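J.: Sharing start_24.cif here; it has mmCIF, C-alpha atoms and all ligand atoms; chains and numbers go by the auth columns.
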```
data_final
#
loop_
_atom_site.group_PDB
_atom_site.id
_atom_site.type_symbol
_atom_site.label_atom_id
_atom_site.label_comp_id
_atom_site.label_asym_id
_atom_site.label_seq_id
_atom_site.Cartn_x
_atom_site.Cartn_y
_atom_site.Cartn_z
_atom_site.B_iso_or_equiv
_atom_site.auth_seq_id
_atom_site.auth_asym_id
ATOM 1 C CA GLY A 1 -6.145 -17.426 -4.883 0.00 184 A
ATOM 2 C CA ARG A 2 -4.349 -15.643 -7.724 0.00 185 A
ATOM 3 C CA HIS A 3 -3.761 -12.545 -5.601 0.00 186 A
ATOM 4 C CA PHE A 4 -1.128 -13.145 -2.916 0.00 187 A
ATOM 5 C CA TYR A 5 -2.504 -11.475 0.244 0.00 188 A
ATOM 6 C CA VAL A 6 -1.599 -10.879 3.909 0.00 189 A
ATOM 7 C CA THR A 7 -3.745 -9.669 6.816 0.00 190 A
ATOM 8 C CA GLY A 8 -2.752 -7.985 10.087 0.00 191 A
ATOM 9 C CA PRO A 9 -3.055 -4.801 12.122 0.00 192 A
ATOM 10 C CA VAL A 10 -1.738 -1.433 10.848 0.00 193 A
ATOM 11 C CA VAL A 11 1.055 -0.380 13.216 0.00 194 A
ATOM 12 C CA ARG A 12 3.595 2.453 13.799 0.00 195 A
ATOM 13 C CA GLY A 13 6.516 3.034 11.433 0.00 196 A
ATOM 14 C CA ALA A 14 9.243 5.711 11.437 0.00 197 A
ATOM 15 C CA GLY A 15 6.657 8.540 11.143 0.00 198 A
ATOM 16 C CA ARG A 16 8.145 9.832 7.867 0.00 199 A
ATOM 17 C CA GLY A 17 5.757 8.695 5.074 0.00 200 A
ATOM 18 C CA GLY A 18 3.151 11.489 5.381 0.00 201 A
ATOM 19 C CA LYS A 19 5.274 14.216 7.002 0.00 202 A
ATOM 20 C CA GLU A 20 8.448 13.915 4.902 0.00 203 A
ATOM 21 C CA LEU A 21 7.448 12.097 1.715 0.00 204 A
ATOM 22 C CA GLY A 22 3.797 13.128 1.207 0.00 205 A
ATOM 23 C CA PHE A 23 3.005 9.412 0.876 0.00 206 A
ATOM 24 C CA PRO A 24 1.537 8.090 4.147 0.00 207 A
ATOM 25 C CA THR A 25 1.843 4.270 4.296 0.00 208 A
ATOM 26 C CA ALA A 26 -0.130 1.850 6.431 0.00 209 A
ATOM 27 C CA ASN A 27 2.630 -0.418 7.898 0.00 210 A
ATOM 28 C CA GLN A 28 2.378 -4.114 8.713 0.00 211 A
ATOM 29 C CA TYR A 29 5.228 -6.287 10.128 0.00 212 A
ATOM 30 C CA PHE A 30 5.337 -10.109 9.926 0.00 213 A
ATOM 31 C CA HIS A 31 7.600 -12.795 11.461 0.00 214 A
ATOM 32 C CA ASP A 32 10.343 -14.002 9.074 0.00 215 A
ATOM 33 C CA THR A 33 8.523 -17.398 8.797 0.00 216 A
ATOM 34 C CA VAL A 34 5.467 -15.823 7.028 0.00 217 A
ATOM 35 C CA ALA A 35 5.439 -16.127 3.268 0.00 218 A
ATOM 36 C CA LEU A 36 5.658 -12.673 1.549 0.00 219 A
ATOM 37 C CA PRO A 37 6.076 -11.504 -2.074 0.00 220 A
ATOM 38 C CA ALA A 38 9.646 -10.588 -3.151 0.00 221 A
ATOM 39 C CA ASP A 39 10.863 -7.222 -1.806 0.00 222 A
ATOM 40 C CA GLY A 40 9.635 -4.639 -4.339 0.00 223 A
ATOM 41 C CA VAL A 41 6.720 -2.375 -5.320 0.00 224 A
ATOM 42 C CA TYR A 42 3.232 -3.685 -6.201 0.00 225 A
ATOM 43 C CA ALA A 43 -0.146 -2.461 -7.408 0.00 226 A
ATOM 44 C CA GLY A 44 -2.922 -3.832 -5.168 0.00 227 A
ATOM 45 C CA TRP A 45 -5.979 -3.455 -2.926 0.00 228 A
ATOM 46 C CA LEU A 46 -6.231 -2.624 0.770 0.00 229 A
ATOM 47 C CA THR A 47 -9.449 -3.662 2.555 0.00 230 A
ATOM 48 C CA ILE A 48 -10.405 -2.864 6.185 0.00 231 A
ATOM 49 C CA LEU A 49 -11.733 -6.270 7.348 0.00 232 A
ATOM 50 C CA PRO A 50 -15.301 -6.633 8.721 0.00 233 A
ATOM 51 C CA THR A 51 -15.435 -4.800 12.042 0.00 234 A
ATOM 52 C CA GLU A 52 -17.577 -2.910 14.513 0.00 235 A
ATOM 53 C CA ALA A 53 -14.667 -0.568 15.429 0.00 236 A
ATOM 54 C CA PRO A 54 -15.340 3.033 14.230 0.00 237 A
ATOM 55 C CA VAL A 55 -13.099 4.205 11.373 0.00 238 A
ATOM 56 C CA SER A 56 -12.180 7.906 11.370 0.00 239 A
ATOM 57 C CA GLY A 57 -11.724 9.407 7.847 0.00 240 A
ATOM 58 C CA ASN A 58 -13.057 8.600 4.360 0.00 241 A
ATOM 59 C CA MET A 59 -12.515 4.806 4.231 0.00 242 A
ATOM 60 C CA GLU A 60 -15.088 2.257 5.422 0.00 243 A
ATOM 61 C CA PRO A 61 -14.772 -1.500 5.990 0.00 244 A
ATOM 62 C CA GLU A 62 -15.255 -4.179 3.285 0.00 245 A
ATOM 63 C CA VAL A 63 -14.354 -1.887 0.329 0.00 246 A
ATOM 64 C CA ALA A 64 -11.177 -2.671 -1.685 0.00 247 A
ATOM 65 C CA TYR A 65 -9.137 0.582 -1.877 0.00 248 A
ATOM 66 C CA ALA A 66 -6.568 1.050 -4.652 0.00 249 A
ATOM 67 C CA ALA A 67 -3.077 1.029 -3.108 0.00 250 A
ATOM 68 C CA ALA A 68 0.585 1.285 -4.141 0.00 251 A
ATOM 69 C CA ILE A 69 2.462 -1.165 -1.894 0.00 252 A
ATOM 70 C CA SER A 70 6.110 -1.597 -0.862 0.00 253 A
ATOM 71 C CA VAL A 71 7.652 -4.794 0.618 0.00 254 A
ATOM 72 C CA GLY A 72 11.111 -4.633 2.159 0.00 255 A
ATOM 73 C CA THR A 73 13.454 -2.800 4.513 0.00 256 A
ATOM 74 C CA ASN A 74 13.273 0.772 3.013 0.00 257 A
ATOM 75 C CA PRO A 75 16.971 0.694 2.017 0.00 258 A
ATOM 76 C CA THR A 76 16.970 4.449 1.078 0.00 259 A
ATOM 77 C CA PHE A 77 16.572 5.107 4.835 0.00 260 A
ATOM 78 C CA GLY A 78 18.280 2.007 6.228 0.00 261 A
ATOM 79 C CA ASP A 79 15.352 0.683 8.301 0.00 262 A
ATOM 80 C CA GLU A 80 15.933 -2.434 10.423 0.00 263 A
ATOM 81 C CA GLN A 81 12.776 -4.530 9.865 0.00 264 A
ATOM 82 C CA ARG A 82 10.982 -5.773 6.730 0.00 265 A
ATOM 83 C CA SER A 83 7.560 -4.117 6.354 0.00 266 A
ATOM 84 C CA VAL A 84 4.517 -4.347 4.047 0.00 267 A
ATOM 85 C CA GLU A 85 3.467 -0.702 3.465 0.00 268 A
ATOM 86 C CA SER A 86 0.317 0.478 1.645 0.00 269 A
ATOM 87 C CA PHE A 87 -0.225 4.031 0.296 0.00 270 A
ATOM 88 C CA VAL A 88 -3.996 4.167 -0.210 0.00 271 A
ATOM 89 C CA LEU A 89 -4.596 6.384 -3.303 0.00 272 A
ATOM 90 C CA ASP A 90 -6.609 9.623 -2.891 0.00 273 A
ATOM 91 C CA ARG A 91 -7.856 8.764 0.638 0.00 274 A
ATOM 92 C CA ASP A 92 -7.268 9.992 4.184 0.00 275 A
ATOM 93 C CA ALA A 93 -8.176 7.833 7.231 0.00 276 A
ATOM 94 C CA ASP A 94 -6.791 6.800 10.630 0.00 277 A
ATOM 95 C CA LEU A 95 -5.895 3.135 10.029 0.00 278 A
ATOM 96 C CA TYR A 96 -3.699 2.552 13.088 0.00 279 A
ATOM 97 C CA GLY A 97 -4.763 -0.571 14.984 0.00 280 A
ATOM 98 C CA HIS A 98 -7.313 -1.662 12.346 0.00 281 A
ATOM 99 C CA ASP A 99 -7.058 -5.184 10.911 0.00 282 A
ATOM 100 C CA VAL A 100 -6.521 -4.922 7.106 0.00 283 A
ATOM 101 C CA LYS A 101 -6.080 -7.264 4.133 0.00 284 A
ATOM 102 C CA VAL A 102 -3.505 -6.269 1.468 0.00 285 A
ATOM 103 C CA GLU A 103 -3.743 -8.004 -1.932 0.00 286 A
ATOM 104 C CA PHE A 104 -0.759 -7.929 -4.327 0.00 287 A
ATOM 105 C CA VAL A 105 -2.140 -7.733 -7.888 0.00 288 A
ATOM 106 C CA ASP A 106 0.925 -6.847 -10.055 0.00 289 A
ATOM 107 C CA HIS A 107 4.672 -6.364 -9.561 0.00 290 A
ATOM 108 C CA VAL A 108 5.601 -2.771 -10.524 0.00 291 A
ATOM 109 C CA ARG A 109 9.316 -2.376 -9.651 0.00 292 A
ATOM 110 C CA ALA A 110 12.262 -3.776 -7.661 0.00 293 A
ATOM 111 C CA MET A 111 13.010 -2.226 -4.245 0.00 294 A
ATOM 112 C CA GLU A 112 15.860 0.277 -4.719 0.00 295 A
ATOM 113 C CA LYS A 113 18.301 2.202 -2.511 0.00 296 A
ATOM 114 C CA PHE A 114 18.095 5.803 -3.761 0.00 297 A
ATOM 115 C CA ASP A 115 20.786 8.398 -3.029 0.00 298 A
ATOM 116 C CA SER A 116 18.183 11.011 -2.119 0.00 299 A
ATOM 117 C CA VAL A 117 14.642 11.294 -0.853 0.00 300 A
ATOM 118 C CA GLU A 118 13.962 13.550 -3.879 0.00 301 A
ATOM 119 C CA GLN A 119 14.987 10.787 -6.352 0.00 302 A
ATOM 120 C CA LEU A 120 12.814 8.271 -4.427 0.00 303 A
ATOM 121 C CA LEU A 121 9.779 10.649 -4.567 0.00 304 A
ATOM 122 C CA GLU A 122 10.051 11.104 -8.350 0.00 305 A
ATOM 123 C CA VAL A 123 9.939 7.345 -8.802 0.00 306 A
ATOM 124 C CA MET A 124 7.070 6.804 -6.298 0.00 307 A
ATOM 125 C CA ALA A 125 4.933 9.258 -8.359 0.00 308 A
ATOM 126 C CA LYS A 126 5.515 6.994 -11.416 0.00 309 A
ATOM 127 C CA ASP A 127 4.697 3.854 -9.350 0.00 310 A
ATOM 128 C CA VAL A 128 1.342 5.467 -8.455 0.00 311 A
ATOM 129 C CA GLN A 129 0.619 6.262 -12.133 0.00 312 A
ATOM 130 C CA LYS A 130 1.332 2.628 -13.180 0.00 313 A
ATOM 131 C CA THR A 131 -0.754 1.360 -10.211 0.00 314 A
ATOM 132 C CA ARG A 132 -3.844 3.260 -11.448 0.00 315 A
ATOM 133 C CA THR A 133 -3.656 1.689 -14.933 0.00 316 A
ATOM 134 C CA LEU A 134 -2.932 -1.836 -13.616 0.00 317 A
ATOM 135 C CA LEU A 135 -5.835 -1.670 -11.167 0.00 318 A
ATOM 136 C CA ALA A 136 -8.296 -0.440 -13.816 0.00 319 A
ATOM 137 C CA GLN A 137 -7.350 -3.614 -15.783 0.00 320 A
ATOM 138 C CA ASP A 138 -7.890 -5.710 -12.659 0.00 321 A
ATOM 139 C CA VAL A 139 -11.422 -4.240 -12.153 0.00 322 A
ATOM 140 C CA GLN A 140 -12.283 -5.419 -15.673 0.00 323 A
ATOM 141 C CA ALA A 141 -10.621 -8.836 -15.185 0.00 324 A
ATOM 142 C CA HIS A 142 -12.911 -9.674 -12.216 0.00 325 A
ATOM 143 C CA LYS A 143 -15.910 -7.591 -13.419 0.00 326 A
ATOM 144 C CA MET A 144 -15.897 -5.975 -9.932 0.00 327 A
ATOM 145 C CA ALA A 145 -19.168 -4.295 -8.898 0.00 328 A
ATOM 146 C CA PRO A 146 -18.802 -0.494 -8.268 0.00 329 A
ATOM 147 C CA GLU A 147 -19.790 -0.652 -4.567 0.00 330 A
ATOM 148 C CA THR A 148 -17.002 -3.232 -3.892 0.00 331 A
ATOM 149 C CA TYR A 149 -13.946 -1.057 -4.714 0.00 332 A
ATOM 150 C CA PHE A 150 -12.632 2.495 -4.819 0.00 333 A
ATOM 151 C CA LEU A 151 -10.310 3.579 -7.662 0.00 334 A
ATOM 152 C CA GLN A 152 -9.915 7.138 -8.952 0.00 335 A
ATOM 153 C CA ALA A 153 -7.892 8.981 -11.689 0.00 336 A
ATOM 154 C CA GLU A 154 -5.705 11.606 -9.940 0.00 337 A
ATOM 155 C CA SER A 155 -6.891 15.242 -9.524 0.00 338 A
HETATM 156 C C1 LIG B . 4.875 2.748 -3.838 0.00 401 B
HETATM 157 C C2 LIG B . 6.031 2.794 -2.879 0.00 401 B
HETATM 158 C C3 LIG B . 7.300 2.557 -3.403 0.00 401 B
HETATM 159 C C4 LIG B . 8.408 2.572 -2.556 0.00 401 B
HETATM 160 N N1 LIG B . 9.655 2.341 -3.062 0.00 401 B
HETATM 161 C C5 LIG B . 10.758 2.371 -2.255 0.00 401 B
HETATM 162 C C6 LIG B . 12.054 2.154 -2.748 0.00 401 B
HETATM 163 O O1 LIG B . 12.275 1.892 -3.958 0.00 401 B
HETATM 164 N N2 LIG B . 13.095 2.216 -1.884 0.00 401 B
HETATM 165 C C7 LIG B . 12.927 2.468 -0.554 0.00 401 B
HETATM 166 O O2 LIG B . 13.905 2.526 0.212 0.00 401 B
HETATM 167 N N3 LIG B . 11.694 2.684 -0.052 0.00 401 B
HETATM 168 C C8 LIG B . 10.618 2.628 -0.871 0.00 401 B
HETATM 169 N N4 LIG B . 9.346 2.853 -0.339 0.00 401 B
HETATM 170 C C9 LIG B . 9.184 3.051 1.112 0.00 401 B
HETATM 171 C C10 LIG B . 9.420 4.380 1.741 0.00 401 B
HETATM 172 O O3 LIG B . 10.830 4.407 1.981 0.00 401 B
HETATM 173 C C11 LIG B . 8.641 4.314 3.062 0.00 401 B
HETATM 174 O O4 LIG B . 7.248 3.998 2.806 0.00 401 B
HETATM 175 C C12 LIG B . 8.787 5.626 3.824 0.00 401 B
HETATM 176 O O5 LIG B . 10.158 5.751 4.252 0.00 401 B
HETATM 177 C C13 LIG B . 7.850 5.724 5.029 0.00 401 B
HETATM 178 O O6 LIG B . 8.311 4.905 6.105 0.00 401 B
HETATM 179 P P1 LIG B . 7.320 4.705 7.362 0.00 401 B
HETATM 180 O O7 LIG B . 5.971 4.162 6.956 0.00 401 B
HETATM 181 O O8 LIG B . 7.966 3.794 8.351 0.00 401 B
HETATM 182 O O9 LIG B . 7.140 6.101 7.963 0.00 401 B
HETATM 183 C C14 LIG B . 8.225 2.835 -1.187 0.00 401 B
HETATM 184 C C15 LIG B . 6.950 3.073 -0.661 0.00 401 B
HETATM 185 C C16 LIG B . 5.850 3.037 -1.511 0.00 401 B
HETATM 186 C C17 LIG B . 4.485 3.285 -0.907 0.00 401 B
HETATM 187 N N1 LIG B . -3.872 7.520 2.021 0.00 402 B
HETATM 188 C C1 LIG B . -3.333 6.880 3.090 0.00 402 B
HETATM 189 N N2 LIG B . -2.674 5.691 2.973 0.00 402 B
HETATM 190 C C2 LIG B . -2.146 5.038 4.040 0.00 402 B
HETATM 191 N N3 LIG B . -2.223 5.533 5.294 0.00 402 B
HETATM 192 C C3 LIG B . -2.859 6.715 5.551 0.00 402 B
HETATM 193 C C4 LIG B . -3.452 7.467 4.434 0.00 402 B
HETATM 194 N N4 LIG B . -4.010 8.591 4.947 0.00 402 B
HETATM 195 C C5 LIG B . -3.780 8.566 6.287 0.00 402 B
HETATM 196 N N5 LIG B . -3.106 7.451 6.655 0.00 402 B
HETATM 197 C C6 LIG B . -2.684 7.184 8.049 0.00 402 B
HETATM 198 O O1 LIG B . -1.282 7.519 8.102 0.00 402 B
HETATM 199 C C7 LIG B . -0.512 6.447 8.623 0.00 402 B
HETATM 200 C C8 LIG B . 0.721 6.305 7.746 0.00 402 B
HETATM 201 O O2 LIG B . 1.557 7.475 7.740 0.00 402 B
HETATM 202 P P1 LIG B . 3.139 7.276 7.895 0.00 402 B
HETATM 203 O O3 LIG B . 3.788 8.645 7.804 0.00 402 B
HETATM 204 O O4 LIG B . 3.653 6.204 6.962 0.00 402 B
HETATM 205 O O5 LIG B . 3.250 6.723 9.408 0.00 402 B
HETATM 206 P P2 LIG B . 4.039 5.414 9.947 0.00 402 B
HETATM 207 O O6 LIG B . 5.498 5.748 9.885 0.00 402 B
HETATM 208 O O7 LIG B . 3.526 5.246 11.356 0.00 402 B
HETATM 209 O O8 LIG B . 3.629 4.250 9.089 0.00 402 B
HETATM 210 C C9 LIG B . -1.416 5.227 8.479 0.00 402 B
HETATM 211 O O9 LIG B . -1.163 4.245 9.477 0.00 402 B
HETATM 212 C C10 LIG B . -2.835 5.762 8.558 0.00 402 B
HETATM 213 O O10 LIG B . -3.253 5.775 9.936 0.00 402 B
HETATM 214 MG MG MG B . 3.961 4.178 7.026 0.00 403 B
HETATM 215 ZN ZN ZN B . -6.899 -9.782 -10.192 0.00 404 B
#
```
Written as structure tokens, how would this file's structure read?
Ligand SMILES: Cc1cc2nc3c(=O)[nH]c(=O)nc-3n(C[C@H](O)[C@H](O)[C@H](O)COP(=O)(O)O)c2cc1C
Ligand SMILES: Nc1ncnc2c1ncn2[C@@H]1O[C@H](COP(=O)(O)OP(=O)(O)O)[C@@H](O)[C@H]1O
Ligand SMILES: [Mg+2]
Ligand SMILES: [Zn+2]
T.:
Amino acid sequence: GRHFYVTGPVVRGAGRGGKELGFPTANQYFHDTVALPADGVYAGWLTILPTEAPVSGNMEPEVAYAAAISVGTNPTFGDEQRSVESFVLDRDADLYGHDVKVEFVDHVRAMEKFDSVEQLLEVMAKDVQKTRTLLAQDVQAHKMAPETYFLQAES
């Protein structure tokens, strides 16, 4: 399809996204043989795949949730493995162990090594802003039915 996508279980990262950055990210790791988009930041959709497993929080399966997505090694922090990491906008759910699909709709920015967490946070806020606008255009492009996605303006 026109959206690059990957699927796989949400697994444990460094534990810093929510606690330290205020941007929790659902982490996926793939073998180096698996085709991925270029390291960078993307606007896209995260969907919990069809399942009978209970989901705790305000996300349910088979709905495309607006997400700001990073691909790479988190060079600001010097992490060892390449991850795909999805910050689901305006939601709060326990995704660990759930099988999810992540669709990459638009490239937003190159992956960058920032000197400080504070500088990184300022830029991530702007990535989220651009993600909202890009995803509203994508809704229109596919004439997506309201029940099939979740996308808000921020409070
Ligand atoms: C939209 C978005 C943009 C990001 N941009 C960068 C970046 O430019 N440089 C970087 O080192 N990490 C970037 N990250 C990743 C954060 O470093 C990472 O998600 C955070 O350290 C949490 O790590 P963890 O999930 O293992 O706890 C970005 C993450 C998101 C969600
Ligand atoms: N809006 C959200 N987007 C992504 N993950 C969320 C969100 N709200 C809660 N979570 C949960 O928080 C975890 C991500 O937080 P994070 O600090 O990045 O932990 P980790 O380092 O283990 O990836 C997810 O795996 C999921 O269970
Ligand atoms: Mg994370
Ligand atoms: Zn599209």
J.: List as a JSON list (two decimals) with C-alpha atoms, in the coordinates of the input the protein and nucleic acid residues lying within 6 Å of ligand MG 403 (chain B), with only C-alpha atoms and all ligand atoms counted.
T.:
```
[["chain", "number", "residue", "atom", "x", "y", "z"],
["A", 196, "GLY", "CA", 6.52, 3.03, 11.43],
["A", 200, "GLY", "CA", 5.76, 8.70, 5.07],
["A", 207, "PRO", "CA", 1.54, 8.09, 4.15],
["A", 208, "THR", "CA", 1.84, 4.27, 4.30],
["A", 209, "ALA", "CA", -0.13, 1.85, 6.43],
["A", 210, "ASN", "CA", 2.63, -0.42, 7.90]]
```
J.: Taking all atoms listed in the file into account, which residues have an atom no farther than 12 Å from ligand ZN 404 (chain B)? I'd like them as a list in words.
T.: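 Using all atoms listed in the file, everything at most 12 Å from ligand ZN 404 (chain B) comes to residues 184, 185, 186, 187, 188, 226, 227, 228, 247, 286, 287, 288, 289, 317, 318, 319, 320, 321, 322, 323, 324, 325, 326 and 327 of chain A.
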J.: Quick one: which residues end up in the PyMOL selection byres (((not hetatm)) within 8 of (chain B and resi 402)) for this structure, as a PyMOL selection string?
T.: chain A and resi 193-210+250+268-279
J.: Give me the result of the PyMOL selection byres (((chain A and resi 291) around 6) and not hetatm) on this file, residue by residue, as a PyMOL selection string.
T.: chain A and resi 224-225+290+292
J.: Given the choices A:258, A:240, A:223, A:280, which gets closest to ligand LIG 401 (chain B) if the distance is worked out from all atoms listed in the file?
T.: A:258
J.: Using all atoms listed in the file, which residue out of A:211, A:253, A:241, A:190 lies closest to ligand LIG 401 (chain B)?
T.: A:253
J.: Could region 259-280 of chain A be completed with N, CA, C and O atoms and returned as a PDB file, in the coordinates of the input?
T.:
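Resulting contents of selection_32.pdb:
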```
ATOM      1  N   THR A 259      16.643   3.004   1.198  1.00  0.00           N
ATOM      2  CA  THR A 259      16.970   4.449   1.078  1.00  0.00           C
ATOM      3  C   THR A 259      17.229   5.085   2.460  1.00  0.00           C
ATOM      4  O   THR A 259      18.085   5.979   2.595  1.00  0.00           O
ATOM      5  N   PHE A 260      16.536   4.565   3.471  1.00  0.00           N
ATOM      6  CA  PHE A 260      16.572   5.107   4.835  1.00  0.00           C
ATOM      7  C   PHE A 260      17.319   4.213   5.806  1.00  0.00           C
ATOM      8  O   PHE A 260      17.689   4.658   6.890  1.00  0.00           O
ATOM      9  N   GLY A 261      17.546   2.963   5.410  1.00  0.00           N
ATOM     10  CA  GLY A 261      18.280   2.007   6.228  1.00  0.00           C
ATOM     11  C   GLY A 261      17.497   1.451   7.409  1.00  0.00           C
ATOM     12  O   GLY A 261      18.070   1.214   8.478  1.00  0.00           O
ATOM     13  N   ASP A 262      16.197   1.219   7.226  1.00  0.00           N
ATOM     14  CA  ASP A 262      15.352   0.683   8.301  1.00  0.00           C
ATOM     15  C   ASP A 262      15.735  -0.760   8.663  1.00  0.00           C
ATOM     16  O   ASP A 262      16.289  -1.480   7.821  1.00  0.00           O
ATOM     17  N   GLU A 263      15.441  -1.152   9.908  1.00  0.00           N
ATOM     18  CA  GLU A 263      15.933  -2.434  10.423  1.00  0.00           C
ATOM     19  C   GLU A 263      15.026  -3.626  10.116  1.00  0.00           C
ATOM     20  O   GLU A 263      15.528  -4.721   9.906  1.00  0.00           O
ATOM     21  N   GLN A 264      13.710  -3.418  10.057  1.00  0.00           N
ATOM     22  CA  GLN A 264      12.776  -4.530   9.865  1.00  0.00           C
ATOM     23  C   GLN A 264      12.101  -4.484   8.491  1.00  0.00           C
ATOM     24  O   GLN A 264      11.915  -3.417   7.911  1.00  0.00           O
ATOM     25  N   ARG A 265      11.762  -5.655   7.973  1.00  0.00           N
ATOM     26  CA  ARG A 265      10.982  -5.773   6.730  1.00  0.00           C
ATOM     27  C   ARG A 265       9.510  -5.447   7.006  1.00  0.00           C
ATOM     28  O   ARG A 265       8.897  -6.019   7.922  1.00  0.00           O
ATOM     29  N   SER A 266       8.953  -4.530   6.228  1.00  0.00           N
ATOM     30  CA  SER A 266       7.560  -4.117   6.354  1.00  0.00           C
ATOM     31  C   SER A 266       6.779  -4.403   5.053  1.00  0.00           C
ATOM     32  O   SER A 266       7.387  -4.532   3.974  1.00  0.00           O
ATOM     33  N   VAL A 267       5.447  -4.486   5.173  1.00  0.00           N
ATOM     34  CA  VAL A 267       4.517  -4.347   4.047  1.00  0.00           C
ATOM     35  C   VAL A 267       3.822  -3.000   4.267  1.00  0.00           C
ATOM     36  O   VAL A 267       3.237  -2.763   5.337  1.00  0.00           O
ATOM     37  N   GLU A 268       3.895  -2.109   3.278  1.00  0.00           N
ATOM     38  CA  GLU A 268       3.467  -0.702   3.465  1.00  0.00           C
ATOM     39  C   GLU A 268       2.551  -0.307   2.328  1.00  0.00           C
ATOM     40  O   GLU A 268       2.936  -0.451   1.166  1.00  0.00           O
ATOM     41  N   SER A 269       1.347   0.167   2.659  1.00  0.00           N
ATOM     42  CA  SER A 269       0.317   0.478   1.645  1.00  0.00           C
ATOM     43  C   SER A 269      -0.004   1.979   1.647  1.00  0.00           C
ATOM     44  O   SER A 269      -0.444   2.514   2.675  1.00  0.00           O
ATOM     45  N   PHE A 270       0.226   2.638   0.506  1.00  0.00           N
ATOM     46  CA  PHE A 270      -0.225   4.031   0.296  1.00  0.00           C
ATOM     47  C   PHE A 270      -1.587   3.901  -0.391  1.00  0.00           C
ATOM     48  O   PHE A 270      -1.674   3.460  -1.531  1.00  0.00           O
ATOM     49  N   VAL A 271      -2.643   4.237   0.336  1.00  0.00           N
ATOM     50  CA  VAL A 271      -3.996   4.167  -0.210  1.00  0.00           C
ATOM     51  C   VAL A 271      -4.223   5.427  -1.074  1.00  0.00           C
ATOM     52  O   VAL A 271      -4.163   6.548  -0.567  1.00  0.00           O
ATOM     53  N   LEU A 272      -4.485   5.245  -2.362  1.00  0.00           N
ATOM     54  CA  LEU A 272      -4.596   6.384  -3.303  1.00  0.00           C
ATOM     55  C   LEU A 272      -5.780   7.299  -2.974  1.00  0.00           C
ATOM     56  O   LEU A 272      -6.882   6.822  -2.726  1.00  0.00           O
ATOM     57  N   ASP A 273      -5.536   8.609  -2.928  1.00  0.00           N
ATOM     58  CA  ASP A 273      -6.609   9.623  -2.891  1.00  0.00           C
ATOM     59  C   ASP A 273      -7.536   9.496  -1.683  1.00  0.00           C
ATOM     60  O   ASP A 273      -8.706   9.866  -1.790  1.00  0.00           O
ATOM     61  N   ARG A 274      -7.035   8.945  -0.574  1.00  0.00           N
ATOM     62  CA  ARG A 274      -7.856   8.764   0.638  1.00  0.00           C
ATOM     63  C   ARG A 274      -7.120   9.328   1.836  1.00  0.00           C
ATOM     64  O   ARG A 274      -5.913   9.621   1.757  1.00  0.00           O
ATOM     65  N   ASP A 275      -7.852   9.509   2.939  1.00  0.00           N
ATOM     66  CA  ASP A 275      -7.268   9.992   4.184  1.00  0.00           C
ATOM     67  C   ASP A 275      -8.109   9.446   5.359  1.00  0.00           C
ATOM     68  O   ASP A 275      -9.276   9.850   5.539  1.00  0.00           O
ATOM     69  N   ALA A 276      -7.529   8.488   6.091  1.00  0.00           N
ATOM     70  CA  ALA A 276      -8.176   7.833   7.231  1.00  0.00           C
ATOM     71  C   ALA A 276      -7.161   7.396   8.285  1.00  0.00           C
ATOM     72  O   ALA A 276      -5.995   7.104   7.957  1.00  0.00           O
ATOM     73  N   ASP A 277      -7.621   7.315   9.545  1.00  0.00           N
ATOM     74  CA  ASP A 277      -6.791   6.800  10.630  1.00  0.00           C
ATOM     75  C   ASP A 277      -6.917   5.284  10.658  1.00  0.00           C
ATOM     76  O   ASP A 277      -7.925   4.748  11.125  1.00  0.00           O
ATOM     77  N   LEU A 278      -5.886   4.597  10.134  1.00  0.00           N
ATOM     78  CA  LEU A 278      -5.895   3.135  10.029  1.00  0.00           C
ATOM     79  C   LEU A 278      -5.200   2.426  11.184  1.00  0.00           C
ATOM     80  O   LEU A 278      -5.221   1.193  11.234  1.00  0.00           O
ATOM     81  N   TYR A 279      -4.537   3.179  12.064  1.00  0.00           N
ATOM     82  CA  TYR A 279      -3.699   2.552  13.088  1.00  0.00           C
ATOM     83  C   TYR A 279      -4.552   1.642  13.966  1.00  0.00           C
ATOM     84  O   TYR A 279      -5.595   2.067  14.456  1.00  0.00           O
ATOM     85  N   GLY A 280      -4.087   0.411  14.149  1.00  0.00           N
ATOM     86  CA  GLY A 280      -4.763  -0.571  14.984  1.00  0.00           C
ATOM     87  C   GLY A 280      -5.873  -1.362  14.297  1.00  0.00           C
ATOM     88  O   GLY A 280      -6.390  -2.322  14.882  1.00  0.00           O
TER      89      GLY A 280
END
```
